[PDB]
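Chemist:
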Ligand SMILES: CCCCCCCCCCCCC/C=C/[C@H](O)[C@H](N)CO
Ligand SMILES: CCCCCCCCCCCCC/C=C/[C@H](O)[C@H](N)CO
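Residue numbers (the UniProt record's numbering), protein chains in the order written: chain S, 324 to 565; chain G, 324 to 372; chain R, 324 to 565; chain A, 14 to 45, 83 to 323; chain L, 14 to 45, 83 to 323; chain P, 14 to 45, 83 to 117; chain F, 73 to 297; chain V, 73 to 297.
#1: Give the secondary structure of residue 430 (chain R) by DSSP, where H, G and I count as helix, E and B as strand, and everything else as coil.
#2: Please go through the region 377 to 461 of chain R and give each complete alpha helix (DSSP H) segment of 4 or more residues, from N-terminal end onward.
#3: Terminal residues of the continuous beta strand (DSSP E) containing residue 495 (chain R)?
#4: From the DSSP output, which residues share a beta bridge with residue 202 (chain L)?
#5: DSSP three-state label for residue 120 (chain F), please.
#6: What are the start and end residues of the beta strand (DSSP E) that includes residue 176 (chain L)?
#7: Within 10 angstroms of the Cβ of residue 331 (chain S), are there 16 or more other Cβ atoms? Answer buried if so, exposed if not.
#8: Give the straight-line distance between the Cα atoms of residue 131 (chain F) and residue 174 (chain L), rounded to the nearest whole angstrom.
#9: Under 7 Å from any heavy atom of ligand 2, does the C-beta of residue 502 (chain S) make it?
#10: May I ask you to list the residues that DSSP assigns as paired with residue 478 (chain S)?
#11: Using 10 angstroms around the beta-carbon of residue 98 (chain F), count the other beta-carbons present and answer buried if the total reaches 16, otherwise exposed.
#12: Taking buried to mean at least 16 other C-beta atoms within 10 Å of its own C-beta, is residue 141 (chain F) buried or exposed?
#13: Assuming residue 24 (chain L) contacts residue 43 (chain L) under a Cβ cut-off of 8 Å, what Cβ separation, rounded to an integer in Å, is found between them?
#14: Residues bridged to residue 361 (chain S) by DSSP?
#15: Out of S:341, S:339, S:350, S:325, which has the shortest C-alpha to C-alpha gap to residue 17 (chain A)?
#16: With a threshold of 7 Å (Cβ to nearest heavy atom), would residue 228 (chain V) be considered close to ligand 2?
#17: Considering only residues of the same chain and omitting the five flanking positions on each side of residue 279 (chain V), which have a CB-CB separation below 6 Å?
#18: By how many angstroms is the C-alpha of residue 116 (chain V) removed from the C-alpha of residue 128 (chain V)?
#19: Could you check whether the region 261 to 270 of chain A touches the region 155 to 168 of chain A, counting it as contact only if at least three pairs of C-beta atoms, one from each stretch, sit closer than 8 Å?
#20: Could you check whether the Cβ of residue 114 (chain V) sits closer than 7 Å to any heavy atom belonging to ligand 2?
#21: Please confirm if residue 351 (chain R) has its CB atom under 8 Å from at least one CB of chain F.
#22: By how many angstroms is the C-alpha of residue 451 (chain R) removed from the C-alpha of residue 525 (chain R)?
#23: By how many angstroms is the C-alpha of residue 109 (chain A) removed from the C-alpha of residue 80 (chain L)?
#24: Note down, in chain order, each residue of its chain lying with its Cβ closer than 6 Å to the Cβ of residue 165 (chain L), except the 5 sequence neighbours on either side.
#25: Which partner residues of residue 278 (chain L) appear in the DSSP bridge assignment?
#26: Inspect the CB distances between the region 367 to 381 of chain S and the region 419 to 439 of chain S and report whether three or more fall short of 8 Å.
#27: To which residues does DSSP link residue 312 (chain F) through a beta bridge?
#28: Taking only beta-carbon atoms, is residue 119 (chain L) less than 8 Å away from chain C?
#29: Quick one: Cα of residue 345 (chain G) to Cα of residue 107 (chain F), how far?
#30: Reducing DSSP to helix, strand and coil, say where residue 311 (chain A) ends up.
#31: Taking just the CA atoms, how far does residue 537 (chain R) sit from residue 396 (chain R)?
#32: Cβ closer than 9 Å: which chain S residues qualify as neighbours of residue 85 (chain F)?
#33: Quick one: does residue 250 (chain V) have its CB under 8 Å from some CB of chain R?
#34: Would you please state the rounded distance, in angstroms, between the beta carbons of residue 517 (chain R) and residue 411 (chain R)? I believe it to be under 8 Å.
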């Protein structure tokens, strides 16, 4: 016989190893496939669709989860109140867990590419006003005033003739990839802070409601890339499945 | 010798696995066949009667 | 199946054996590299740079290690005093342990090629004089006088207009390679003795210090070659690393 | 190397090494507007542009995938037309409603009668939703199409009881049914992820209408119309409509649907359910 | 055979046999003067020739390795210029000083202000040291550049205590800090091996000046200027200066530095530390 | 493949696979009257024809096999 | 940056635990020496959450059978595997006629040998596996007692898997089996939302009504991070 | 004379001991049946001195896992390996959900089988590993209690490695694991001096202040050999 040499690693099973096994049904011919709509060959196509991002999350809204989908806006008596603020990291515990982007991002460790956040105005047609949506690069805290937040990337948008605004989050990083940023020592990977600010005011005529709700959407772009698959925290077994 | 690597599934017997075994009669020459009527190569011909 | 034949050496692990194992991350694409200065593909480039050689090593200088980097020179009342002497073997316990050449040479057993030793004059600009730096081939002891040391390879150098001198140690050997010379039976591999001698005198004007220090440098040349990697004595574990 | 494998029916090619005669035992390898349909018509001037579900138009079953030897009927005019359903009165606490296709039209028109006399069913659908409001009304509706929408059960709230939803909830009929916990959609799945499937937003300040064209999606070319429900329709008031006192409080929601490219087979007796 | 490997980004080729689809699981195989910068200028007639660190000049970040989508600022005149620091009085027992770049210039000039408003930082540096002496003075200084210079701690001298150096020693600022045990450089590493890195000798009998051009060296193209210190600067009096009585005992050490090819990105708020 | 084997001195050829340098360690393979002599003479008229043992006549030793 | 990692080929292909089967010596269940396990892959939570991304799925499966004693040690015990297609006789005992292995595939492996590997083609009569089936498999009326048939796709039951120890006498050593699967040659359709609620039952996606877990964490104020 | 021996390819490529992990039956630590070991290669002195020649280093790693009983003998015990990337669940027990091996790689090996070998690519998000990091990973002020973050490169923590014995019952035999690494496809930069002082702590290069060992031997007189 042919002389053979055994090496370490024999008689082991690697779960990620792609091998060739023995068929139990010689020449088995399955059913011929048909044309089924919606063929998805890559998980990126699911990350590129706009999904609802929940900006408002409170301990008082745990009884009514439906209030998580939007945040209120009304008439202000002062200048430059902070409407909302949230982290820009999709793989961090927080608002990004509601979108399909963060859920599929938790399967992976290192992520890269630029993202986008879309706001939707559900208010009345005759209610006008303007908002200032700013993005602060890493290293900044929650800006105290509007003069502090404007120092970064911001956008100005109107209520009346447009129903949506898209804030493109640019890719600003020291490394080509970002691991998921967690508490403490892992804050080095934080993407930034997305703050929305009152620019002018919420103006409403007589006969229309003075309180409106804004729906926030979030998705990825064509340059978005992930790698290094892993387990997530979003499924748990405390008991057997009956 | 040639370096080899063992994979799971060694030392097993699969009943449907089609292998190659060692002959017990080297160069054994059976009896030459003749022409027998009714040669059936597929079970469908029996289902069609 | 294909007839196979097992040979002795199966189910063993050789630490120096270069094999092929199974990947745990199919098609994993790492981060694209960038241009980082100082790419070193061979350990010889580190051995060819001049590093400080400590000629003066005494039990009284153990409290002040900074005095090891140089040896004093002053005015002499007699003819031909021996300033310093040291072994020429880079892999022997002694002065050569301070240079990066000897440290990287301890990883290896058999070494070959010609070396070089550089002296630096840190004295005053107006102080003049001359030195005799000689190299004795193997078999000689420490020369008692200057007439004995001159019989080998020597060089004459001046203080005033030159700040450095390089003594090239030629390759004189019976064998193409030299194993590290240790005490007793292993003295067969000794390279030689490098002795520095007072040639004329240390002449200094009035107003300048009469005591100067000389810094010694050591490195290798392009013909320097090593082989047969091994463990060194310069790292020890007497306890676990907390 | 015979071709028995599962990936050999697609248009993508893969490289793989195989030491046996079956290709499925091999390894993985390198990876590489006015709409007039039939006798009925509609004109939507306030509506957003038509959203084609999964970018494919409904079409007749090709002979390549068709496993039936019968020659199907194509009653173009008596089958495919706009069918208007009942209106749903909106309220501030309204949780939303859902319909099960094609169970809604089983009792209505020629489409419903021929569906009872035929065992095999394939058609595409046309989804249209109508919600009217004035300039003083602020609200948002989410109209989405989720294929294979399965109803869950709270299991009494404890979780130790095994219970299934009855035929009234799983087969609401023409009138439809109302959601209980819209957050999980009674599927145990988030509402924020519903937009992954084809969807359209109805915002009362801009578009008061919605149109979605959903083709036939199943693992089989033909299937029984009575038992199998293809996809559901979800009209969810994400943003509650707000209006001050004196405004009209009755806001209807009208849903009209139409089949597209219907093929029936297996003419049989009268079968209700 | 896809190209996933680690050695496939270099210019050297290797031969290797691989039985799998990943190249990283394969085997090893066969192995194969007057300087005017910006608004400031200097003329050094006593200085030795300029020593280029690792034989590369500082240059702008190429688009191949650049991962940032922002367009960086290049304030050529207000950023890159000679910056003179405080002078260090030499004494016979002086153990030497060390500075942490780029932490020295964070408080100085336009370079320091734009560094606080920008998250990403890349630049090259110019190191220059000045020590003056007469013909009656004999001494030697060692000016070396050690990338990624980490400060250690004696751990109380016993070794059983875990302690880290505070921010005052790790970030000395513009004034700098003094060495404790110059033999180990507080790195636990020999001083005789310091010449492996780019270095220059200052010998008071010949050259009273030193010039070293150090480019940007990091595993990342851009990095935060505040937290990360690129390399340190070591001026070590190896040979103690000796002079008789009556000579001038005050010998200053002047260190002036300049940035080269600076690029800033990520304009943000004011961030001190 | 040196020729050390035992069957390599005959006129018949065999096919065999060998994984070593010696051919004897390989496998088997496919298999493929009046007579006057000198000063004396005899005449046998009643005798049957001469039977040659193993069909070979006695002959001198050739130089090939002669040691 | 390469997209090969986020593709469905590498994400769906690897080993996971679809089944846990035991044969204890003392107990009320498997102590007879054999086990009859109907094939269900949804008793395992985490791989179920991966397969619920998509409605229709077409693929092939490679299996790995690991055998060990409940304490973790091993004994020289010979085991027998057999696959029972729908309609084939299910074994009533260890000496039963069904284990005689006439036309049914079987695998023989010991406990000292490496785990057994087999390749299973696509055996479903339809074009792809249907995970969530909306409708009823049966005709006629459905009452409260017949509501169990809801969410049941007849194409998803491909057979029954069984194990036993060889020999007529009972084996003194207990055996625990762990079934593994690697998905390959996969084709996918119809993405779905990912379930945010804990699993309860195998056959249907029931959720606990008393507590509905929010998909995102909560904080004290919207303007404070 | 060939320079192939002194090249960084052959000098960096071979096996060395980066970790020692034990699972004793009686004791206060690992007796629960499982071990969670954060990945650190600097707890070993001699290979650390080899890697400290260079600042930035880019390479691949091949591993060898040797299992034996603390007395040196062997028992037929089945073991399970798993790699936990950052963010992935760390096991709280031996029956814990994390060991179920859904998307996380795992290796199965016995104690009678030869040591297991795996290949680890370059997983760091940067261009190369940074051994000595000068700075802080965190923003804002740093007090005496927060000084622990000094010398910590966030790119150097690539995950956590864990081991356990299979089965629900506790295994009566103790297990000692020795982790090995072979560096291949290596690229190097920025040479550094070789440390002449004994090691103390893993995370930072602390040296004992009372006694500073001279890098060279001492003699009585400079003129006498
Ligand atoms: C030699 C023994 C081979 C044993 C073969 C057992 C066949 C198991 C095939 C599993 C592949 C998926 C089959 C169906 C999975 C889920 O349980 C179904 N959706 C059930 O609803
Ligand atoms: C199937 C089990 C595989 C286990 C894989 C474990 C990954 C270990 C990779 C080691 C390669 C070097 C990683 C970092 C080394 C040093 O600890 C870091 N510098 C820590 O500072």
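Positions of the beta carbon are idealized from the N, C-alpha and C atoms, including for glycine.
Modeler: Quick answer:
#1: Judged by DSSP in its simplified three-state form, residue 430 (chain R) adopts coil rather than helix or strand.
#2: Runs of the alpha helix (DSSP H) lying entirely within the region 377 to 461 of chain R and spanning at least 4 residues, in chain order: 423 to 429.
#3: Counting along the chain, residue 495 (chain R) falls outside any beta strand (DSSP E), and DSSP gives it neither H nor E.
#4: DSSP lists no partner for residue 202 (chain L).
#5: In the structure shown, residue 120 (chain F) sits in a helix (DSSP, three-state: H, G or I).
#6: Its beta strand (DSSP E) spans residues 168 to 181.
#7: buried
#8: Across the structure, residue 131 (chain F) and residue 174 (chain L) are spaced so that their CA atoms are roughly 55 Å apart.
#9: no
#10: S:456
#11: It counts as exposed.
#12: buried
#13: Their Cβ separation, rounded to whole angstroms, is 16 Å, which puts residue 24 (chain L) and residue 43 (chain L) out of contact at 8 Å.
#14: Beta-bridge pairing links residue 361 (chain S) to no other residue.
#15: S:350
#16: yes
#17: Here the set comprises 269.
#18: 19 Å
#19: no
#20: yes
#21: Yes, residue 351 (chain R) lies at the interface with chain F (some Cβ there is under 8 Å from its Cβ).
#22: 6 Å
#23: No atoms of residue 80 (chain L) appear, because in chain L residue 45 is followed directly by 83.
#24: 156, 275
#25: None; residue 278 (chain L) has no bridge partner.
#26: yes
#27: No statement about residue 312 (chain F) is possible, as the shown extent of chain F runs from 73 to 297 and does not include it.
#28: The structure shown has no chain C; the protein chains it does contain are S, G, R, A, L, P, F and V.
#29: 36 Å
#30: strand
#31: Approximately 7 Å, taken between the alpha carbons.
#32: The answer, in chain order, is 339, 341.
#33: No, because no Cβ of chain R sits closer than 8 Å to the Cβ of residue 250 (chain V).
#34: 5 Å
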